[PDB]
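Here the structure comes first, spelled out in structure tokens, and everything after it is commentary.
Where a number appears in this text, it was derived from the coordinates with a stated rule and is not lab data. With ideal geometry, Cβ positions are generated from the backbone for all residues, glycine too; neighbour counts draw on all protein chains shown.
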Amino acid sequence: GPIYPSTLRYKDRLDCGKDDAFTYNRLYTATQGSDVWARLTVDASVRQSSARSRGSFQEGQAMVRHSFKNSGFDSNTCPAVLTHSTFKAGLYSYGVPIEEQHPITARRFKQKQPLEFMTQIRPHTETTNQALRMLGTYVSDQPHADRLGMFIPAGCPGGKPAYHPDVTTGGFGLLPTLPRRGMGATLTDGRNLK
Amino acid sequence: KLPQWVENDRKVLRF
Amino acid sequence: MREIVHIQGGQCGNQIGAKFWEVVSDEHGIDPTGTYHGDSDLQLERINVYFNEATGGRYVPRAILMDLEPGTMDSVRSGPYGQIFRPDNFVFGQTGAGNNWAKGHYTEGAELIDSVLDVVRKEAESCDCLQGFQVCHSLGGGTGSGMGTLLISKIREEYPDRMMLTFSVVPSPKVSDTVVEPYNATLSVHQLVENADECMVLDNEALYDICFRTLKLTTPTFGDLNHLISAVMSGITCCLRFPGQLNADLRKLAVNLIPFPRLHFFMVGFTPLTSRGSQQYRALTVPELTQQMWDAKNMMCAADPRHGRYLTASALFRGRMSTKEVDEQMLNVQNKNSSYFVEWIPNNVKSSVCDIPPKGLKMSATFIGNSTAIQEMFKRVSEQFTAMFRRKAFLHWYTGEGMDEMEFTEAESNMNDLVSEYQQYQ
Amino acid sequence: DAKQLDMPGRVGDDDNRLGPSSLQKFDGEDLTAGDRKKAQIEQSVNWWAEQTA
Amino acid sequence: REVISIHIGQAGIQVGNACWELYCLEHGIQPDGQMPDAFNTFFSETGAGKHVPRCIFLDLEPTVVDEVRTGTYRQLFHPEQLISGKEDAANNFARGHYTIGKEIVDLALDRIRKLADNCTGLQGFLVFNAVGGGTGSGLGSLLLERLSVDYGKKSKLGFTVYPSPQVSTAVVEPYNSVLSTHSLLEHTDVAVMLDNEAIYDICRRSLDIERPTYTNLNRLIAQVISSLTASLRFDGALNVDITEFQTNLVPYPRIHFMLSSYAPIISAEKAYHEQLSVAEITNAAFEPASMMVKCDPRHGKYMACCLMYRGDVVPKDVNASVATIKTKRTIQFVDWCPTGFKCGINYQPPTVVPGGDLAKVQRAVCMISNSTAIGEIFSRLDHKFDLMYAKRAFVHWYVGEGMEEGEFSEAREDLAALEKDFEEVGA
Amino acid sequence: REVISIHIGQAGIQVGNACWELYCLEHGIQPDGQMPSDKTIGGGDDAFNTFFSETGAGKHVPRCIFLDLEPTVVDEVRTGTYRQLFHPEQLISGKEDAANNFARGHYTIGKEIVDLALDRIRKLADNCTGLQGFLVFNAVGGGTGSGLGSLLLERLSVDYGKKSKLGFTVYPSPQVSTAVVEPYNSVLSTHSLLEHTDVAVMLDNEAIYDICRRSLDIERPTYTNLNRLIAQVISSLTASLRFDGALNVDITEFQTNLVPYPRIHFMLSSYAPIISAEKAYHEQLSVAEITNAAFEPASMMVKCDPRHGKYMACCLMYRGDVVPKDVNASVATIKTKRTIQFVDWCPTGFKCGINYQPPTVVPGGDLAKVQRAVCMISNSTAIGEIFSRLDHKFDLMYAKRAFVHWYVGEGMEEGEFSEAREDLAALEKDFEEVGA
Ligand SMILES: Nc1nc2c(ncn2[C@@H]2O[C@H](COP(=O)(O)OP(=O)(O)O)[C@@H](O)[C@H]2O)c(=O)[nH]1
Ligand SMILES: [Mg+2]
Ligand SMILES: [Mg+2]
């Protein structure tokens, strides 16, 4: 029900007048409203209702995908899982080094969390039993202990510095690769292979 | 200038 | 351990948040890559309020950036300290509101706020003890006013006991960008008076006045305004991140500044702010800070305090000083101007002292005033709103989103009775 | 004599202690702003001379 | 953020020819089709190293269309885009709306269908046409009808050309103008008026070309539209999208008729004489002598204004100039609008094309406002339209083409009601 | 602080040509537009801003518009040396002359060009920030200056209001004159110059001719020398605004200290020393004698005798090597002379203005380079006898209705003739009653 005859087409209202001059004489007299702003609001309402009658149209019918070199072979390739990465997790630096971080901070950081503290102190260790072994088993523990004010009882476990055969730390260690002690440049020594 | 995949479509290096 | 969650809405909110986070990262000695590089230990203890440990000393701000146009995200990411924000926190729509409160509150907020609500819930429950939320937005835009308003309503629905700061800029007729500013501003104020705990009233007109007169700058772009707003947001919460001779959190300021629940529209300033040429002729003493505190020029509110009365006031001092000096300065400022302070509230001024000044500064201060002269901007907004709405101008863009004229009538009724009660208490 | 022994908040345009947190330095005030005007003028002169030719 | 432009008629496609030359020059796109992300709003990246415009040139005369096909930009335009008809409407709205329109509209529609499908973030359509001719007015009306019923919610900016109050190339143009402006009322979202006499005077006084052709007019129109879409094209201090105009320029859906202005329109010699600052270009953008349509805003009242800024512009100076203009009493705003301004700032100033006449300027202003002098333009056209229809002149041409006498009278009535709205809204 | 000057008529833009040449030579502006040297001496930087606006850079366009109906002299200006200095849009020129016809240039031809003059001067004022006021040049004997000038001043007054409009007009000399119908134009110009001009400075042509033949000893003086003297007067008038002095005076000083009533503003101009180059070397230059020579009727710029009248107020502009003490002594000396008298209305009828930069000299000119100079502007009652002397010979013509058919045909009538006659008579009565 539009107040203004503007919305209707030409021959539509022409046929209406040919059929019924009755509605044909309201759609002109519908503008009898004194306030033009009110009639404009009603026109806005009828236009809005007509727009609501119409349905929305999506603008993404044709999907467009960027291609690196426009070849199916290239696009369908997935890179092979080839990594020379170190197997130990402790070798990677997931946190700030414990050395520079403040002593009391390291102390209460241990107090809330022993585990990752033990891992940071023992970068080479990989199993839980190795990391939570002892503060006296690893010779490198003592600098950390007396830097962070952790008392170390004497003779723990033994006076002779040793007893970590699995983990390669200090002077007790050898790479599983064929040129043990490292530096393999030929096939004769192994070239860092098995 | 033309796209790469049409400039050398059948050009193949072989060693 | 008291936690503040930052929320940025719209282009203005995003830029203000970027400046605020840049300043905060400078205060705590955090590089643009996200790693600590400071000197003192006073910075490490209280960075959990704003930063989270990700990996390898990676400190990510506890902020949510949310808007509708990609230009703001591109600008935030391109500039410095754009690589410290977590990409998952960039919750973001695609179509845009375009200076339409109704679009940002009913048709575009309806499908976007769910992701924003999930992100903010994840961010809030990740920490132990929330201190409160903090939002920065505008009252003129579409994606900032309506969308931020709906977010405030929702997070009030979910967390009713937590405190909440709302740093909102109010458009002014003297400096007016768009045409539909009163239409958005009135509805935003009507919602904030019922949802927000306390509001920091900002205006670009007062910011331009400050930068032109007190700073005497040549090209005062939006960067200066965002710098001032960022400095204020840092200054309000200084006691949380640093020790002091008399601490004061957000809740203490709120309870000492709000005598009645609907009177939570405060007017703010910062000290010291002087031009490059006038820095040589000044000193750094408590009287020097307080005379600039109580000056109306330094006010970032477009309302002269002399035309009204001061209900309550607060001062946030920083640096090494003496408690007696601050106390006697406040006593003098209360005793001399005996007519500008309300009669039935003795000792209108709240004072607090923090020992750590902002980096590179000797002393600084912040002022939060709850005056009854705040209502005059609401009147000069209501006059324009009733000039428009009486002729139903531009209304078809709001009615078409489902919104009815009853919303506008209730908003005007609320704002009119708010200004009526502010006038009554004067 | 504390007022004698202290230094002003910021001295000179270049100062190592003036970071963004301290508001004694502002990016809005642009030094050598007049120098941009002369470059704009010479560029416009060249443009207009070429167009008129 | 992509927009597609369609052109109807000789004038529309010539304006498009200028517009696309300017667009290719501003983004550094060579005419062959490849450069030696801002271009995504106009050129879609097809294949690799190729850019094609998002436009269709449609016309009934094959002369101009295939002359463009064999001209400078042969490879720049996709061959299917340039739609060409077979017979002219011959300055007949009825002919191009019922006889020829029915077999040319379908091809344009299912081509624009795939053009829109290629896009993803379509902002809206914008139409270039002249109501004086038959092809632009006749089948342009049908195209607007079918686009409105097809999409509806999307914006359709209208840059039309009304006949001048005294300058005209035909006789039957009042009939075409009325029968086109009726369907222009409820199908386009924003209508920008462009009269040729105003541009002629602008070139005569400011650019001082004493023998200008349509090329300079098309170049000025291209500069205006480029400065208008630069906000979407480039990032600036304060950008506004294409959906901001309908938000802050049309208080009511039945009042969308924008006065066009541009500043600074200066020559290469005078640019060296006047200083170029934001204040003076903003002042010059409101004088009645710098309008693109012959109407005096002094007789009318401003309802809204849009300001586009390009180049060396910061918010401080534009805000100061807006305040000064607001305090000026030479121009008066309507009472129910206490703030009818909207400013947009972009960093890239307009570029210059070789062979052009505009000077390379650091800053420019594109002003678009809404007033009530459009009601004066409509009445001025209406008087001379009613002069012809009294004696039933040229009516037999339209009746034999398919329509009858009723359409003329009812279009006249709608024009009268539209007039009524223009005078009594400004009260 | 800025002042914009508008020049009306054929003689107006010739006076402007002299004035702007003098200004360009004085401020060191090369006629192509730019200043070769950025350094400044005396007044200091930003001194040129009151006459030249900083457009782009490397150019300084004057804040003036030459408006005229006959295109010949305007095109001569356009084609001469100063093409690049003046803007092409400021030299407003019509297409046909007003032909010594107040009616033609006031009702027929001026209507199509006054709007363009106004909408150019509007943006000229818009570019300004500290506009002191307007000041005009015209000759009331012509058609464009007299006819169009009245309409332009009326529209300026209605568009701006109380803004200062200094009027430097050129009256016909009682004996020596060039035109025939000029009494009509002069009277019809006075009827509006009474109520529109803020301060009017009279300038007769024969008085300057006598000054040139007597002092500068050019036995064949032309209009160029007269224009150069007018330019020197105007420069000595605006030097206080342009450059620094001991007692600087601006434009709104004159109306305050020289205009006792709003309808009494008519100033006799005087200048000293007007001396040749050879007379300059044997004659000493001190404040006393150059002040004494500024009150003698033999060196006045208007053919009238102030001894027959009473001085109401006087204004003294000093330039060059002048200090307050000796000018105070000189002005004290004047008050002792009983040959010239002051009306009892104002005992301290003096206002002094001291500047430091000496007046400049132009190559090809006839004035000598001197250490100091004086520009005198006074208000007395010889204007009353000047107006009545013109009135008599205007009333001679009107009794036989001569040349009246020209004016009526253009669109005016004969009633305004009578009202202008009555206005002049009322002005005579006002001056006589004030003289009491
Ligand atoms: N202080 C400040 N105000 C801004 C900034 N950006 C925009 N504004 C103001 O915000 C108003 C418009 O906000 P708008 O751009 O619509 O925000 P939106 O909702 O994100 O689109 C203008 O009047 C500006 O004055 C900003 O970075 N800082
Ligand atoms: Mg055509
Ligand atoms: Mg003359």
Most mobile of A:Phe172, A:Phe109, A:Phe22 in a GNM of chain A (Cα contacts under 10 Å): A:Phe22
Averaged over E:91-101, number of beta-carbon atoms from partner chains that fall within 10 Å: 0
Compactness index (Cα Rg / 2.2 N^0.38 Å), segment C:221-295: 1.33
Viscosity 0.692 mPa s, 37 °C: Kirkwood-radius Stokes-Einstein D of segment F:270-345 over Cα pairs, µm²/s: 238
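How much net charge surrounds C:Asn337 when only the other residues with a Cβ under 11 Å from the Cβ of C:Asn337 are counted, with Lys and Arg +1 and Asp and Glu -1?
On the way: positive: C:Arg306, C:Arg309, C:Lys336; negative: none.
Charge balance in the 11 Å sphere: +3.
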Spread of Cα-to-Cα distances over 20 Å intervals beginning at zero, given as percent, for chain C: 26, 60, 14, 0
P(r) tail fraction, segment E:214-288 - alpha-carbon pairs more than 21 Å apart, %: 44
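About the Cα centre, and with charges only on the beta carbon of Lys, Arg (+1) and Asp, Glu (-1), how big is the dipole of segment C:230-348? Nearest 20 debye, please.
Dipole magnitude for segment C:230-348 comes out near 260 debye.
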Residue-count net charge about F:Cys352 - beta-carbon cut-off 15 Å; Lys, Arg +1, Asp, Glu -1: +2
Number of partner chain Cβ atoms within 10 Å, mean per residue of E:333-342: 6
Rounded FRET efficiency, nearest 0.05, which uses the C-beta distance separating E:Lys384 from A:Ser53 and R0 of 45 Å: 0.75
Rounded to the nearest 20 debye, dipole of the protein assembly as shown from Cβ charges on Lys, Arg, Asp, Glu: 3740
Protection proxy ranking, peptides C:141-147, F:29-35, C:51-57, average beta carbon neighbours within 10 Å, highest first: C:141-147, F:29-35, C:51-57
Simple Cβ-charge dipole of chain F, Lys/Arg +1 and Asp/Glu -1, about Cα centre, in debye nearest 20: 800
Residue-wise HN-Hα coupling along segment E:107-113, computed from phi with Karplus coefficients 6.51, -1.76, 1.60 (Hz; x: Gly, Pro): 5, 4, 5, 7, 7, 5, 4
Net charge contributed by nearby residues that have their C-beta within less than 15 Å of C:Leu217 (K/R +1, D/E -1): 0
Surface/4 estimate of mean projected area, convex hull on alpha-carbon atoms of segment F:309-435, nm²: 12.8
Chain A, relative contact order in percent, only Cα pairs under 8 angstrom and at least six apart counted: 11
Approximate spin-label separation A:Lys112-F:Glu413, in nm, with each point projected 7 Å along Cα-to-Cβ: 10.2
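Just the ratio, please: alpha-carbon radius of gyration of the protein assembly as shown over 2.2 N^0.38 Å, N its number of residues.
Rounded to two decimals, the normalised Rg is 1.14.
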Share of alpha-carbon pairs per 10 Å distance bin for segment A:79-194, given as whole %: 12, 36, 31, 16, 6, 0
Of F:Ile113, F:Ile377, F:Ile13, the one that fluctuates the most in a GNM where chain F has Cα springs shorter than 10 Å: F:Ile113
Spacing of the two label points (7 Å from each Cα toward its C-beta) at C:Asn416 and E:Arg113, in nm: 5.5
Residue among A:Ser85, A:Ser93, A:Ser67 with the largest mean-square fluctuation in a Gaussian network model of chain A, springs linking Cα atoms under 10 Å: A:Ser67
Calculated FRET value between E:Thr351 and F:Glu89, using beta carbons and R₀ = 22 Å, to 0.05: 0.25
Kirkwood Rh, Cα atoms: Rg over Rh of segment E:189-248: 1.08
E:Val52 long-range amide H proximity, modeled H, under 5 Å: E:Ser44, E:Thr46
Cα radius of gyration and Dmax for chain A (Å): 41.4, 117
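Give me a single rounded figure for C:203-209: the average over its residues of other chain Cβ atoms within 10 Å of their Cβ.
On the way: counts 0, 2, 1, 0, 0, 3, 0.
Averaged over the peptide's residues, the number is 1.
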Under 23 Å from the Cα of D:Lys38 - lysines, other chains or at least 8 residues apart: C:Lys216, E:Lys270, E:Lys316, E:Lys360, F:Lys39, F:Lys59
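Using packing as a proxy for protection, rank E:43-53, F:153-163, E:242-252 so that the peptide with the highest average count of other Cβ atoms within 10 Å comes first.
Values: E:43-53: 17.1, F:153-163: 14.4, E:242-252: 21.9.
The peptides rank, most packed first, as E:242-252, E:43-53, F:153-163.
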q = 0.34 Å⁻¹: log10 I(q)/I(0) that the Debye formula gives for segment F:1-46, counting C-alpha atoms only: -1.20
For C:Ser275, F:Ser215, F:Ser418, order by how many other beta-carbon atoms lie within 10 Å, fewest first: F:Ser418, C:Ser275, F:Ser215
Residues D:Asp6, C:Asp203, E:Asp195, E:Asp317 arranged by fewest to most Cβ contacts within 10 Å: D:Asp6, E:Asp317, E:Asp195, C:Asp203
Globularity ratio of segment E:134-264, using Cα Rg and 2.2 N^0.38 Å: 1.16
Largest-first principal axis extents, alpha carbons of chain E, Å: 61, 58, 43
In sequence order, calculated HN-Hα J values of segment F:355-366 (Karplus, 6.51, -1.76, 1.60; Hz; x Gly/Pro): 10, 10, 7, x, x, 7, 10, 10, x, x, x, 10
Exceeding the 20 Å Cα-Cα cut-off - candidates C:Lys324/C:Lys350; A:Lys110/C:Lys122; E:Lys294/E:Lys326: A:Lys110/C:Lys122; E:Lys294/E:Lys326
Alpha-carbon centroid distance for the pair segment E:374-427 / segment F:344-381, whole angstrom: 72
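Relative contact order of chain F: what whole-number percent is it, with Cα pairs under 8 angstrom and at least 6 residues apart?
Across chain F, relative contact order equals 17 percent.
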Principal axis dimensions, largest first and in whole angstrom, of segment C:325-426 by Cα: 59, 38, 17
Leading residue at positive end of dipole, chain A (Cβ point charges), from A:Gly55, A:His84, A:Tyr10: A:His84
Charge dipole of segment E:233-293 about the Cα centre (unit charges at C-beta), most positive-ward option of E:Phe286, E:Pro251, E:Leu238: E:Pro251
Mean separation of Cα contacts under 8 Å, 6 or more apart, over the residue count of chain C: relative contact order %: 16
